[PDB]
């Protein structure tokens, strides 16, 4: 594998196995009061500021220089240009990777197969804008002349999570927009519970699917249409209640959706990087097209930052290299994402997909099997809730867990004259301070003695109240969570994921395991029908299938 054979990686590795064990955050701050200044980055987007404070990390100037030298020797910049220039860096599927083109507000030409893709990107965007206009203004009428009150997005994975997370994060900006619903799981409960609340006369279904063949989505789509026609009664009416977001005109046709009602994207648009495309139709319908264009602009701003800033001051690069540091040097399996914002309740989940589906690989672009760690397990929940739950393990467990704490300075709901947000911010700050500082044995025993504890009680309870600290965190603070800032934040992490993938020399844009999954259920599905036992698989699969058929009858 490329990484292990790299001299910069070896130098960093040797340094860590020579000093790593010795790096204490509390000590570092106590010996360098310019630390914050030296390990923090402030970005002024002219539409809000974003402060990336990475000073609470187990690093020194020597460590950062070695990490950036690695980014350089691993060719991050050249790879970055290849992506922005439309080169087919997705080597296994031989495709370009152009989500940056989707939000290329500057309209600078990007050539693929001898053709600028921007004209087509803008054509779809204009079509989306015209459609949303019609729907929102009430011009688009259902089969009975009523305006559309509900929009239902049917899709899964990359055709679901992005729009779900963004519409949730941007709720404050959806005034004058129809209600938006997201159905994704094949589990019947999802679509059934959704349909139960809808009126077919005023509901518009959006079938999101790059391929338009995914089993969960097509099956949900058919159930929706069947449900609809139970009222409509004229397939000529579905044209007024069903539209498609896809790249496969053929399939959309077979389903019963004529063009003009198909908003397309392209193969260089990865599913987990597709919310910026026609896939974001539900977003635009929810918050309006101006806000949707703001989202795109925020992403474009971050793309430009990533492309023009020297590595040492490049946000996504710094985030990516600190991650490489914890993953490949400290051996940390996970990465926690902790937004202190309820609207971002699906943010961690979104990047759980974005990061893991991209870098959960073990084969390099040269075909060699990696002999080092790659993508981490990403998780988290919106604080503060976590503090009263899993934070216990982050503070006093046996695992090192790098955490990204995020929060907006200004809230969308300054109720009680800002009291709630004041408390939220204080907790945000105090948590990373405590993770860094911890609480020594002397400090703990002091409190216990002041509490008047007997020598007996203090002795047995003292160890349990000590916090070793030295747990690294990043604090990302932005002025306000607007469509623009959100877009820049999502783009920031997309590029962090990109940089790590380049350093590991893997292809962060294919998903063979996901592709495989879409073809596994195939064989067992028909075998579940009969009531006769199955014996064609290993004994576990057989036993589970037979327990299934047996309990199918059970009358509980």
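Positions refer to the first chain, counted from 1. The term rigid core refers to the most C-alpha atoms you can superpose between the two forms while keeping them within 1.5 Å.
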Handout entry: Core-aligned Cα RMS comparison in 5 other deposited structures of this protein - stretch that moves more, 245-253 or 308-316
Key = 245-253
Fill in the blank from the handout: Top-deviation stretch by C-alpha RMS in 5 other deposited structures of this protein (rigid core reference), from 407-415, 229-237, is 229-237
Practice task
Would you tell me which stretch averages the higher CA B-factor in the PDB entry, 453-461 or 166-174?
Solution key: 453-461
Exercise for the section: Averaging the C-alpha B factors as listed in the entry, name the stretch that ends up higher: 493-501 or 33-41. Expected result: 33-41
Practice task
Identify, among 115, 345, 372, 300, the residue whose C-alpha carries the highest B-factor in the deposited PDB entry.
Solution key: 115
Exercise for the section: Tell me, please, which of 305, 395, 361, 253 has the highest C-alpha B factor according to the deposited entry? Expected result: 253
Exercise for the section: Ordered by C-alpha B-factor within the chain, which third holds residue 50? Give me lowest, middle or highest, please. Expected result: lowest
Practice task
Consider only the C-alpha atoms of the modelled residues in this chain, order them by B-factor as the entry records it, and name the third containing residue 514: lowest, middle or highest.
Solution key: lowest
Handout entry: CA B-factor ranking of residue 240, expressed as a third of its chain
Key = highest
Exercise for the section: Can you work out whether the C-alpha temperature factor of residue 136 puts it in the lowest, middle or highest third of the chain? Expected result: highest
Fill in the blank from the handout: For residue 23, the third of its chain by CA B-factor is the highest
